[PDB]
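Asks: Please find the sequence and an experimentally derived structure below.
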Amino acid sequence: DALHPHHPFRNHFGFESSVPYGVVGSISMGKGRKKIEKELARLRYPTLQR
Amino acid sequence: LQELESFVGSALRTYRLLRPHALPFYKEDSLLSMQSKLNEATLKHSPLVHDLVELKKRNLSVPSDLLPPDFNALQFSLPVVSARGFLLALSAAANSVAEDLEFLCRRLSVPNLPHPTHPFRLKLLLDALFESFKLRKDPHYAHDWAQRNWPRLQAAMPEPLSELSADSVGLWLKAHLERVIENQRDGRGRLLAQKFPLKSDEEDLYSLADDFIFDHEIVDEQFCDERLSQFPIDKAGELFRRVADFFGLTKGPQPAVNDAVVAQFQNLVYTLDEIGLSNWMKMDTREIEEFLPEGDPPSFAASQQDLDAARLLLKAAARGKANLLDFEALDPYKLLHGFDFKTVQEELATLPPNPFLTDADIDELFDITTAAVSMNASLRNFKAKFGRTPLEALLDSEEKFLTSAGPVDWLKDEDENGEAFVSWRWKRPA
Amino acid sequence: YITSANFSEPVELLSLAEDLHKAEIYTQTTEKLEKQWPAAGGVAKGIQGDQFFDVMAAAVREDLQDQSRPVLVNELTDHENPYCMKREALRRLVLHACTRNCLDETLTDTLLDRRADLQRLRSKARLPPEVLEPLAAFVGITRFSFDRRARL
Amino acid sequence: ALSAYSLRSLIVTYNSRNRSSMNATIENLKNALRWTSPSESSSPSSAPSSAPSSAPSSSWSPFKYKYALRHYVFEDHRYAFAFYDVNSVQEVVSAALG
Amino acid sequence: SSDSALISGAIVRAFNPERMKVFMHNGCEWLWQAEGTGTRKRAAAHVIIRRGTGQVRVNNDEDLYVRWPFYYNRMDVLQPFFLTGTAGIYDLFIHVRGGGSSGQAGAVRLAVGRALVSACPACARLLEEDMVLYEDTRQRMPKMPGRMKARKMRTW
Amino acid sequence: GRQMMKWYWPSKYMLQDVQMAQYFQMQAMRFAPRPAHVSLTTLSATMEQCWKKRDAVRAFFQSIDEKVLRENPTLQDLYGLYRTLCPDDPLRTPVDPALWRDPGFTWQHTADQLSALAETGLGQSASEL
Amino acid sequence: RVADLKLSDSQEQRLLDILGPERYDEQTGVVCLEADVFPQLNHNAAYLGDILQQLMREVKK
Amino acid sequence: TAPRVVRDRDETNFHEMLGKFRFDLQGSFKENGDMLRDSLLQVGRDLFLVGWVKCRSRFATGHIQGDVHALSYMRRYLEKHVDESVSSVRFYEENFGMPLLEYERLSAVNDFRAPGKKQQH
Amino acid sequence: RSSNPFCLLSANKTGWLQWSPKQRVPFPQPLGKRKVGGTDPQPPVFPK
Amino acid sequence: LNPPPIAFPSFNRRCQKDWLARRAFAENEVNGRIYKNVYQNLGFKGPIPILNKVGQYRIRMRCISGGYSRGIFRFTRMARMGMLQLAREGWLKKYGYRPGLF
Amino acid sequence: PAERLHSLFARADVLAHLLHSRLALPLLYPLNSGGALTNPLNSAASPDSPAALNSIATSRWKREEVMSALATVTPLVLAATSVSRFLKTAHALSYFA
Amino acid sequence: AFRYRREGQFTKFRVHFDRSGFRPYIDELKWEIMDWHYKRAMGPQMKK
Amino acid sequence: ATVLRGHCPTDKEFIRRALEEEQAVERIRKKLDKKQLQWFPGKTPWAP
RNA sequence: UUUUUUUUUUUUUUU
């Protein structure tokens, strides 16, 4: 419950996967994950409570 | 000239049927060239290759002793197994199969003189003579045939089908032959298409492959579909068990224990499928008997090195992998570079056991001491030839094509002691 | 060919001692390490137990293999799978000067398959991530990591 | 429990756009077998899935009253495999993808 | 009676024990059970013959006249029975899937015809007069593209 | 929104330029090492700390029953690593039921304990100039 | 399979009523629960495991 | 269009030449030679044939051109590896080494005459 | 970046691939005498 | 003479205009649902003039190797001549295209 | 004859019939179309310095190959005249009325 | 009745594009045809 | 023992138990998928 | 089936 003051709840965070991501070769090699995409990468599933 | 060339062309057709799951002749030949060139390129700068060259200039052949193992052989930069070793393994394995003749023919129905014990082959000659005891030319003479074969077949037969005399069998046989001939006058696809006329055979066999059909006016429709279109190989085991029980009722001369025979017999059928067993079902086995290369029996001295090498061939071949090139400890790339080369093929590669033949007793059943040295005449049909043997002519044509492939005539330069050399020469047009 | 680094001879020298010779060293090293560093049992069962001495031993093997990975000169992809490194090494050498006709170029794929050496390493590769990861989420556990290096 | 799970079955399916390409996969899969540690290697069953096809239509040269048509056939191939009692996951998953 | 020993003694057990039930030599000489298959147009059939003087059921436990109300259709699926004389001896079971009204009737004639021959090889020569075993593998021709709305329907 | 965007050809004025300056830099940095060892560094220089306080942690498990071992991620791992330095350590009669800890019979501990063809190759290696 | 799962008479009826007859087969007697409301595989997999436990909480009443 | 006088040898250029094939088949065939034409087309594609070929009930000839080494395989295939019966094999002319090629695609000349003129002829 | 261990490009750690200096089997094989578009830098000329 | 290089289409003002509307609709796609939700809740049917210039129906099929806005399919995305040239250049063989069948 | 039929007649015959290794391979294995090309190494085959590393003797040493092929063609006829023929007997008799 | 000869008829005229196992091919060719020209023009130039 | 060459080593009873489960899931999925298949998703009768 | 049913047929599939 104390893992995030902005979201007081019992279970909110999950675990990250080891699935490769990114483009093999293109003009966007140094992209990785977006600012908003990183949030869902460490959560069990997205919600609409915020 | 015309007849000689015709035989060569016809012989190649028989060999093609023996390789159903293989590429054509124009595809495999190209692949071999790439493999030969790959070995030279990979072994061009090997440490061992360069070491030998330096030793010659320094006038020092062998410093201490032979470095390489006494089991490798490289010819034309390609891997090849020992030629002499293969013959010993094949002959020894096939010799045990003929051992059943003692308890089938030499004790029940003697076929006159089968052969001397083991002259050269003892493989096909036994079947040719043993199967020659059943002959029939004229239906009128069928009465006398029953009086010369019934007594011999009174032992290995069912009790109900053994109380009758010779005369009783003749009555039914006489009427049966007449019905078949009369009915033979969708039945044309298995009468003239499969039979190969010769004009010299005065008589023909009966009840062997295709003689027992057409007994009635009308035959089964679906029966033909299982001989020409495709033979059902899945039911091989089911049919074998349903026929073997007739001879062996578990209470007669045969043993009273037979259960594992059906399981093992199925494997033999699947193995023969790759060779082309399915093709022989559609086409009568007549072309292979006549159109086939032949030659004199082998003759060579079984050395100690070859005698021990043949043992490994019979070890791995018992599980199903009858090729030595696919196993390790044979690749020249790891032999000339000092990689992880070992002789653990008998424990690592041979991990899968074979709990059907034997566990650790192969030489016990297969006597390797037989044949070998004791192996050191012309056939009735092989004698009639124009000097050159049938196999010699076949290879002569093949060699002239592979060697002459292109703007080429790679010539004769040395013919003595078997060793020879080749070179290049220009070719003029016609 | 004024310079000595562009002739036909030097190109072949570096195409054997760095492509095929180096590939064999990595292949034997990977197999040798597995013999001296075995696991409790099957690779799949070791991830479902989360037991000690399995996550630790597996992690050590990953670093040893990475440090023992030669850098190919002709090939710039820098493949990590030992099976792929040997398969592609022969293709580059065969296409340099091995063939003699148009047909031979199209049959290069069949040559590699016929070789028995490559067939042994076909059944030895890394488990795809999408094998056990979906199953872990089903039970709803947030205390397991698929990656061996990160788990340790 | 996660440790109590076991791979009951693994249905492997293929989708090839050429006849020759599909034949190569069958030979490659067979070669990978008969090489595992256990006496008998995993022998999956065969299950063909027909051969779907598609061919659109278009009018045929421009400035014509639709007297002739030209079709473009686009065939396809499929194949399915069945597995049972997959004790070794590494010797099956790697072989199928390879 | 030695001739019968070799013939009767071989049919039992051995190769094919199925052929063991017969009704004398002359008059029936028909097997107890037989099977046959017939294909005609976009449809299939599977007819099985069994001993019994019962009614005729096609599928879903229904009568025969329901599927083929027309008189000519019913006569085509029973022609072989009249010629062979099995009018009220053997049963009939027809199973079909797909086709049309008269399309399914033709498949029955081929399916039942191939069953009688199996049950009695001798009772097959008399059926050639009406051409029962003959089939029609040919199907409808495709609609050619272009201006013709139909196969050969011209336009102004 | 994303379905209609998939149309026409992509842009052509955003391709990578073939610059010789960037080619040399890529080759120079291609042979770089991989001194990451993110996992190994954590484990290293840690076994010595446990050995120093070996006596302090010896009494931890004595006062804790097996039924109380609910947190395996922190307890199961600690017990396994502790046994590596001290293979023999009988604390009390009760022991693991071969489930939470499998010591086995042939384990690995910190305390540690070529052929004719290959040998012949080395003798002649550094014999030619 | 509902047959393998041991439950009371009242509890068994409620299980098939909440899901309805569409997710129940009368031939073999098995119930299939499908959940797909997310694009990602990991996100969807976790969702199924949460709803499954909640169903049993209300069934036993 | 340099001739072979420039430096062809047995090092690398031995398999870098073109030419024309030599074959003239004759004899009866099954049906109307449909089996022979179909078999020759499938094998010809693998070898990257450029020339053409003519097939008929009895007459069978043509002009096939391609690589010097590629055409060598076809000589043995069309002399002994024939499922049908062959009476004899004839020759007209051959030539090895020539810059570029004449044809571009493999095709078989077939009798496309209208059926109405068949009776009159 | 797929997770296929048998892929040829999934394990690419650089943005450069080798180029074949010579090819004997052109990928864009024409079905006739037609040429490949964009393979004629020099403009044509007519007899005029 | 020289068949076109099918990878790069020529200039066309009308072709570029069609793609312009696609970007405008994607950004305004969210606003389209809001306009329908407010009217549905209040229970009144009214027009939405703002959707005329940023509507989904404003965009239509067009030929990529072209610029005509007719005779384009969703499978090939090419005109009559676009498919003929692409198929005759040897590019669809890898994608399972056998012209032998009618 | 109980201990010589269970695993002697239905098992040992398979070993003798397992000749696909020598039958599947081409008739001329050590000689191909490129047999007279530059395939031999000039630094290890021209001066004849080595004795076991290389051996250019596959052009006229067909005596060993001729004998090997002769032993592999006789057993093939026996299998077709003993196994295929035996199977046909059961198939034909399976539809005898 | 020809069964194998008529295979795929159902999914040719009585099936939707979005309700079938057929996958699109234009997406892959979009990035494949363009890259061919890049290697041809810049290929010889880089080596020179 | 009694193991053929090209056959699965698993028992026949296990395959029958698992095969029946696969046929049950396929029937349920097809029935549910057909129900939720209508033009203009989200439209319901006399909803407005 | 004498406590059985209470009935027309399609353009991919029981591999």
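Replies: Received the coordinates, thanks. Residues are numbered from 1 along each chain as shown, chains lettered A, B, ... in the order given.

Asks: C-alpha from now on. contacts and neighbour counts both.
Replies: Noted.

Asks: which ones are touching the residue nearest in space to the middle of chain G?
Replies: By Cα atoms, centre = their mean, chain G has its centre lying nearest to residue G:33, at 5.3 Å. Residues in contact with residue G:33 (Cα atoms under 8 Å, 6 or more residues apart in numbering or on different chains) are residue G:23.

Asks: Check the gap between the spatially closest residue to residue F:108 that is not a sequence neighbour and residue C:53 for me.
Replies: Closest residue to residue F:108 apart from its sequence neighbours, by Cα to Cα, 6 or more residues apart in numbering or on different chains: residue F:84 at 7.7 Å. Separation of residue F:84 from residue C:53 (Cα to Cα, to the nearest Å): 10 Å.

Asks: Distance check, residue B:79 against residue B:322.
Replies: 16 Å.

Asks: Now residue B:310: closest residue in space that isn't a chain neighbour?
Replies: Here the residue nearest residue B:310, using Cα to Cα, 6+ apart, is residue B:85, at 4.9 Å.

Asks: Next secondary structure element downstream of the helix or strand harbouring that neighbour?
Replies: According to DSSP states H and E, residue B:85 maps onto helix B:83-95. Remark: after helix B:83-95, the chain's next helix or strand is helix B:125-130, criterion DSSP H and E.

Asks: contacting residues for residue I:15?
Replies: Residue I:15 makes contact with A:24-26, according to Cα under 8 Å, 6+ apart.

Asks: Out of those residues, which is nearest to chain G?
Replies: Chain G lies nearest to residue A:24 out of the contacts of residue I:15, by Cα to the nearest Cα, at 20.9 Å.

Asks: Does the closest one touch residue I:3 like I think?
Replies: No: contact between residue A:24 and residue I:3 fails when scored by Cα atoms under 8 Å: they sit 11.9 Å apart.

Asks: intersection of neighbour lists for the two?
Replies: Common neighbours of residue A:24 and residue I:3 (criterion: Cα under 8 Å, 6+ apart): residue I:10.

Asks: What segments of chain D are strands?
Replies: Per DSSP state E, chain D carries strands over the ranges D:12-16, D:45-48, D:53-54, D:74-75, D:77-82.

Asks: Indicate which one of those strands is closest to chain A.
Replies: Per Cα to the nearest Cα, nearest to chain A of the strands of chain D: strand D:12-16, 21.1 Å.

Asks: What is that closest one packed up against?
Replies: Packing partners of strand D:12-16 (3 or more Cα pairs under 8 Å, 6 or more residues apart in numbering or on different chains; DSSP states H and E): strand D:77-82.

Asks: ok, the strand it packs on: who's next to it in the sheet?
Replies: Here strand D:77-82 is paired, per DSSP bridges, with strand D:12-16 (antiparallel), strand D:45-48 (antiparallel).

Asks: for chain C, what spans make up the helices?
Replies: Along chain C, the segments classed as helices by DSSP state H run C:8-17, C:20-36, C:43-49, C:55-67, C:82-97, C:102-106, C:108-114, C:116-120, C:133-139, C:148-151.

Asks: Let me have the ones you listed in a markdown table, adding mean neighbour count as columns.
Replies: Formatted as a markdown table, these follow (neighbours: other Cα atoms under 10 Å in any protein chain shown):
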| stretch | mean neighbour count |
| --- | --- |
| helix C:8-17 | 14 |
| helix C:20-36 | 15 |
| helix C:43-49 | 17 |
| helix C:55-67 | 16 |
| helix C:82-97 | 18 |
| helix C:102-106 | 17 |
| helix C:108-114 | 15 |
| helix C:116-120 | 17 |
| helix C:133-139 | 19 |
| helix C:148-151 | 16 |
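
Asks: Would you mind telling me which of those helices is nearest chain G?
Replies: helix C:133-139 (4.9 Å).

Asks: Could I get the buried residue list for the helix holding residue B:85?
Replies: By 16 or more other Cα atoms under 10 Å in any protein chain shown, the buried positions in helix B:83-95 come out as B:84-95.

Asks: Stretch K:33-53 too?
Replies: K:33-37, K:39-41, K:43-45, K:49-50, K:53.

Asks: Which members of those residues are the farthest-apart pair?
Replies: K:33 and K:49 (26.4 Å; Cα to Cα).

Asks: near chain M, which residues of chain E?
Replies: Contacts of chain E with chain M, taken as Cα under 8 Å from any Cα of the partner chain, are absent.

Asks: Regarding chain E, what is its longest helix?
Replies: Ranking each helix of chain E by length (DSSP H) puts helix E:103-119 first.

Asks: And for chain J?
Replies: The single longest helix within chain J, with elements called by DSSP H, is helix J:13-42.

Asks: Which part of chain J gets nearest to chain F, residue-wise?
Replies: Relative to chain F, the nearest point of chain J is residue J:26 (4.4 Å; Cα to the nearest Cα).

Asks: Could you tell me how many residues sit around that residue?
Replies: Using other Cα atoms under 10 Å in any protein chain shown, the number of residues around residue J:26 comes to 18.

Asks: my read: it touches residue J:19, true?
Replies: No: the criterion here is Cα under 8 Å, and residue J:26 misses it with residue J:19 at 11.3 Å.

Asks: and stretch D:52-61, is it in reach of chain E?
Replies: No: for stretch D:52-61, no contact with chain E is found by Cα under 8 Å from any Cα; the gap never falls below 9.2 Å.

Asks: The residue in chain C that chain I sits nearest to: what's it in contact with?
Replies: At 4.8 Å from chain I, residue C:77 is the closest residue in chain C, using Cα to the nearest Cα. Neighbouring residues of residue C:77 by Cα under 8 Å, 6+ apart: I:9, I:11-14, I:17.

Asks: now these as CSV including distance to residue F:29 and secondary structure?
Replies: Below are those laid out as CSV (distance: Cα to Cα, whole Å; DSSP: H, G, I helix; E, B strand; the rest coil):
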residue, distance to residue F:29, secondary structure
I:9, 20, coil
I:11, 18, coil
I:12, 15, coil
I:13, 12, coil
I:14, 11, coil
I:17, 16, coil
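
Asks: in terms of contact, does residue C:56 touch residue C:150 like I think?
Replies: No: at 10.6 Å, residue C:56 and residue C:150 do not qualify as touching, with contact defined as Cα under 8 Å.

Asks: State the distance from the spatially most central residue of chain E to residue A:43.
Replies: The residue lying closest to the centre of chain E (Cα atoms, centre = their mean) is residue E:112, at 1.2 Å. Residue E:112 sits 68 Å away from residue A:43, going by Cα to Cα.

Asks: near chain A, which residues of chain I show up?
Replies: I:1-3, I:9-10, I:12-15.

Asks: can you rerun that using 7 Å?
Replies: Counting by Cα under 7 Å from any Cα of the partner chain, chain I comes close to chain A at I:1-3, I:10, I:12, I:15.

Asks: Check chain C too.
Replies: So chain C meets chain A at C:129, C:142, C:146-147 (Cα under 7 Å from any Cα).
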